[PDB]
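To start, the structure under review is shown below, and the notes come after it.
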Amino acid sequence: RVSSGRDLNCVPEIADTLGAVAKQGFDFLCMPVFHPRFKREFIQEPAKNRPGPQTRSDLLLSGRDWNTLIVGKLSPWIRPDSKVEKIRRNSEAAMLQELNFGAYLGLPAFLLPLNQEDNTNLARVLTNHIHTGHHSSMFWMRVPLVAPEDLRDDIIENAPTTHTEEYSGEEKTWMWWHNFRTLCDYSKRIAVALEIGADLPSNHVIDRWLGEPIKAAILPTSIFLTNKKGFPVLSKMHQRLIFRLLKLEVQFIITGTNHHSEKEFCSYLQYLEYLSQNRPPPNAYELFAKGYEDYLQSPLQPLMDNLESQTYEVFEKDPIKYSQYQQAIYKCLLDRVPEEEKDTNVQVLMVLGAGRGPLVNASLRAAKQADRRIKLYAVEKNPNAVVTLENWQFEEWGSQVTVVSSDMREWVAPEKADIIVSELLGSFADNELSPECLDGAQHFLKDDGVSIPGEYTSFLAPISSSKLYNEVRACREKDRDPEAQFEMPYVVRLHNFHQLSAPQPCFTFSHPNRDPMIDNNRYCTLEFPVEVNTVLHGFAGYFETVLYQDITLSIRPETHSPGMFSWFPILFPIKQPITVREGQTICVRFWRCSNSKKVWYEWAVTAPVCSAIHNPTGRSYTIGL
Amino acid sequence: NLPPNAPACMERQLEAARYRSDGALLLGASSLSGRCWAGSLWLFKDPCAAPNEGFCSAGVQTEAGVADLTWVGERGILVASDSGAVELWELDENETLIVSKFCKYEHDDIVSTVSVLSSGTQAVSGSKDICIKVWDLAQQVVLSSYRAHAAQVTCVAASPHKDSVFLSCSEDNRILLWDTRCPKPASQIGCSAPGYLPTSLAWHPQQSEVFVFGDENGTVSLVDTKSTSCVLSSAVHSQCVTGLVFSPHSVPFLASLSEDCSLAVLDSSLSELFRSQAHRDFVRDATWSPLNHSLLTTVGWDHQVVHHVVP
Ligand SMILES: Nc1ncnc2c1nc1n2[C@@H]2O[C@@H]([C@@H](O)[C@H]2O)[C@@H](c2ccc(F)c(F)c2)CCN1
């Protein structure tokens with residue numbers, strides 16, 4: 001349903017308060033682990049020798065309760081970045097004490113505020129805590145969408161609120177967070193608790209938190225309007241944000257006292273559950289993708305590796321894909337043989353890389369649909385797939401289908417083909433080596449022969465995602481370059497991210513290739529206009545293909561072939577993230593390289609700043625020929 | 001003997017010490033550690049018996065802790081609670097009990113500072129939720145709500161005689177002078193330099209255009225509203241100035257509180273006449289006896305009530 005929690009800065013009896021919030025319908029509680037007003041002294045006598053206890057006993061809850069229901073809170077007097085040395089020193093010791101108590105307790109999370117620009121010493125003290133033993137605890141940085149200074153009432157006569165637009169200034173709180181998490185070296189243990197206020201900022205300001213690790217959204221009671229029946233509700237704009245945040249699967253946190261005294265505290269909660277149940281449903285793509293969101297996978301190499309049985313099963317349960325292949329064959333057969341020849345002219349149809357036979361059956365259903373004659377050849381290099389093919393050829397297909405157990409590049413065909421059909425494409429089109437395979441095969445295609453698909457194009461788009469950068473950064477393996485994980489593409493259902501500019505075509509291949517000197521190597525320069533202030537982390541890749549005429553397949557979001565949940569986008573990371581200012585152009589260079597044995601990509605950002613060339617000589621990543 | 005509905009135990013952390021015009025002592029106290037985090041209100045017609053529980057005139061226990069307190073005349077007690085509530089506790093006819101008149105949850109976080117305005121019918125509260133609220137004590141409602149500040153409100157101090165006027169200060173480094181009569185009520189005042197954060201406020205009881213403020217680095221400042229560029233200031237404490245209280249004298253003395261666990265007593269020139277190290281923990285309040293004007297009663301987190309003799 002909805003994972004939601006209660007924020008309290010007042011808990012007189014821990015046992016009673018917890019039962020009340022559970023009764024209201026809260027999954028957890030955010031509370032102080034030491035009294036918020038209880039300032040402790042660590043240096044100066046006599047306050048230093050203040051007798052204990054210094055807080056309430058851990059025995060007041062079961063270990064289970066501390067582990068699952070309690071989010072701890074830093075004490076509001078703890079200011080490690082105070083301008084007063086004495087305060088800085090006590091706040092350091094107090095921060096350690098409270099953070100170590102949270103760790104003692106086994107708390108699943110702990111809240112620390114970013115309520116000012118300078119949080120350097122707070123970042124230092126947290127970093128030192130994070131490196132004091134390996135633990136699973138999470139840190140939630142309480143950041144507002146709008147700094148309190150920028151939402152104050154215009155009631156000071158000699159200090160009025162600035163009515164002049166300050167594009168970058170309106171995004172100051174994102175900069176507070178960015179610096180804090182940069183200083184802490186992108187710890188996976190540090191995330192955002194995003195505090196939403198009465199009046200939302202500009203859309204660009206809300207767009208900065210795209211790609212950020214938002215773990216919780218804080219909604220104060222103060223921001224809920226009152227409906228005619230007296231219930232708490234939200235502005236349509238506030239509802240949009242909640243809908244956007246439900247997609248991120250955040251935990252919603254209710255803070256502040258009850259201002260709808262006619263109703264209870266489950267009222268604020270019931271609105272969220274109501275909004276949760278009333279969202280546009282998860283479509284066939286959204287429902288299939290569930291579980292794979294920002295989960296990094298290795299791109300398939302079906303040429304180098306023999307695919308497992310369950311990999312074929314995944315890429316077969318896609319009827320739209322084979323309806324389009326069927327349609328492209330149907331349309332081709334009619335263009336090649338007229339109604340007068342519908343029983344004398346029999347077409348040489350070669351399925352090149354037949355898998356377990358769905359493309360074969362699609363070529364069958366397209367011969368009877370078009371009511372034309374075809375002689376089928378089913379070529380397949382994977383001997384385990386050939387088992388499924390040869391059982392199909394015996395039990396059903398018969399003499400019409402001729403199973404060939406060979407690689408298309410090494411096979412000597414008895415007769416030339418009219419139509420060669422294949423699905424040798426990956427998420428970046430040519431990344432499964434479709435150019436090379438089809439070049440090695442076109443000799444056994446007739447001079448007027450058709451290749452299905454006849455054309456394909458890859459696209460790239462610059463993306464921002466500090467979540468995916470961290471996800472990649474975590475892929476370090478022993479016995480290899482400590483940075484080889486950034487020099488390889490990942491198939492990923494890109495979820496928590498921001499597309500910084502429209503996808504632009506990268507590399508195109510045409511089949512057959514009529515070039516006298518066929519060269520599958522490439523160099524492309526792209527210029528991506530960026531109209532936001534952002535951080536570039538990598539490039540999403542998609543493809544488009546023409547099977548035949550207007551019959552196409554696409555994973556480019558703009559032209560996405562609807563229903564094709566099979567292909568996820570590819571991600572090309574960059575080792576070091578790059579700041580991009582609004583109005584700047586991101587310029588990327590991409591190469592498709594090869595030798596006799598392997599094919600690979602290399603890429604570099606040249607504007608606004610230079611990166612290193614990624615994957616030089618295929619050192620970190622190659623596609624096996 | 002213990003009065004009815006009063007507990008046999010007192011909360012260790014003493015927050016407020018307030019003398020009524022008759023001489024009876026008002027005590028506010030919180031439990032800031034241990035199992036139960038709550039507060040209490042105590043009345044001592046014999047001030048020399050305090051802090052002892054079994055020798056009080058009246059006693060009550062609140063749901064949450066007592067951050068701040070003020071007398072509402074002679075039978076009223078206005079309470080700044082952690083619960084986000086402003087509580088008004090009505091005294092008994094025989095003055096034996098302390099009964100809840102109203103408890104309103106308007107502030108979204110701990111209420112930290114309360115001040116009753118000159119008429120005694122209106123009050124201003126300052127909170128960690130950064131808000132400032134003007135209250136009508138008879139209707140039990142908020143008249144006006146001001147988000148003037150950008151950080152938690154530290155001190156709200158009503159003017160001696162104007163109902164429209166009060167000072168406020170905050171961790172946002174603003175000292176705001178208020179006048180409910182202006183369409184823009186607040187006005188940023190203070191010294192030339194930004195300096196250290198303001199922690200405590202006290203109007204002069206005679207010069208209505210003059211006040212004093214204590215900073216987080218233990219400095220006390222003498223400020224005139226008009227000149228708006230501080231005349232005199234002395235480093236009175238080694239730690240944050242918690243509170244500032246003027247003596248009832250025609251020519252008054254200024255009592256200076258601190259987290260340095262000391263009390264200092266100063267003259268017009270902010271020069272040190274007295275200092276007491278009597279406390280072993282933070283000094284939280286000070287009241288001068290309405291009866292003996294040379295007497296000053298402090299409370300601390302060390303659960304000590306120290307009666308001083310100021311010459
Ligand atoms: N040069 C070559 N000679 C002969 N056969 C070759 C080959 N290269 C490939 N194939 C074979 O064709 C398919 C695999 O079975 C593969 O072994 C195909 C495929 C992949 C995943 C699927 F889920 C799917 F349904 C189909 C793509 C891989 N290309």
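Just follow the structure's listing: the first ligand is 1, and inside any ligand the first atom is 1. Letters A, B, ... are given to chains in the order of the sequence lines, protein chains preceding strands, and every chain is numbered from 1.
Between A:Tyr377 and A:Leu349, every side-chain heavy-atom pair lies at or beyond the 4.5 Å cut-off. Side-chain contact between A:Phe497 and A:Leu571: absent, with no pair of heavy atoms (C-beta onward) separated by less than 4.5 Å.
Here the protein heavy atom with the shortest distance to atom 29 (N) of ligand 1 is A:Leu424 CD2, 3.5 Å. A:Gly353 CA, 3.8 Å is the protein heavy atom nearest to atom 10 (N) of ligand 1. The closest protein non-hydrogen atom to atom 22 (C) of ligand 1 is A:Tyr312 CD2, 4.0 Å.
Formation of a donor-acceptor pair under 3.5 Å by the A:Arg1 side chain with backbone atoms of A:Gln277 is not found in this model. No side-chain donor-acceptor contact under 3.5 Å links A:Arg372 to the backbone of A:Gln369. A:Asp418 places no side-chain N or O within donor-acceptor distance of the main-chain N or O of A:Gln347, the cut-off being under 3.5 Å.
Using bins of under 30°, 30° to 60° and over 60° for the plane-to-plane angle, the ring pair A:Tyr295/A:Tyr292 lands in the tilted bin. Relative orientation of the A:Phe539 and A:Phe590 rings is perpendicular, given thresholds of 30° and 60° on the angle between their planes. By the 30° and 60° cut-offs, the orientation of the rings of A:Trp411 relative to A:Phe444 is perpendicular.
Counting heavy atoms closer than 4.0 Å to ligand 1, residue A:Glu316 contributes nothing at all. Using a 4.0 Å cut-off between heavy atoms, A:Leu307 contacts ligand 1 through its side chain alone, with no backbone atom that close. Contact annotation for A:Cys437 and ligand 1: only side-chain heavy atoms (C-beta onward) come within less than 4.0 Å of the ligand. For A:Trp411, no heavy-atom contact with ligand 1 is shorter than 4.0 Å.
Listed by number with element, the atoms of ligand 1 under 4.0 angstrom from any heavy atom of A:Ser406 are 4 (C). Residue A:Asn382 has at least one heavy-atom neighbour below 4.0 Å for each of these atoms of ligand 1: 17 (O). Ligand-side atoms of ligand 1 in range of A:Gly355: 15 (O), range being under 4.0 angstrom from any heavy atom. Listed by number with element, the atoms of ligand 1 under 4.0 Å from a non-hydrogen atom of A:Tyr322 are 25 (F). Interface of A:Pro302 with ligand 1, defined as ligand atoms under 4.0 Å from a residue heavy atom, comprises 17 (O), 28 (C). Listed by number with element, the atoms of ligand 1 under 4.0 angstrom from any heavy atom of A:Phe315 are 23 (F).
When A:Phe543, A:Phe572, A:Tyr542 are each tested for a ring pair (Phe, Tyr, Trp, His ring centres under 6.0 Å) with A:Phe428, only one passes: A:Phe572.
The N/O atoms of A:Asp407, backbone and side chain alike, include one that comes under 3.5 Å of an N/O atom in ligand 1.
Between A:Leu389, A:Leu303, A:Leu359, it is A:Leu303 that holds the heavy atom closest to atom 8 (N) of ligand 1. When the options A:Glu432, A:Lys321, A:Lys381, A:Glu423 are ranked by their closest heavy atom to atom 7 (C) of ligand 1, first place goes to A:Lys381. Comparing heavy-atom distances from atom 17 (O) of ligand 1 across A:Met408, A:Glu380, A:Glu436 singles out A:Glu380 as nearest.
Applying the side-chain hydrogen bond (donor to acceptor under 3.5 Å, both in side chains) test to A:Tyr523 and every residue at least two apart in sequence or in another chain returns A:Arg589.
With a 6.0 Å cutoff to the six-membered ring centre and a 45° limit on the axis angle, A:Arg493 does not count as a cation-pi contact of A:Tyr285.
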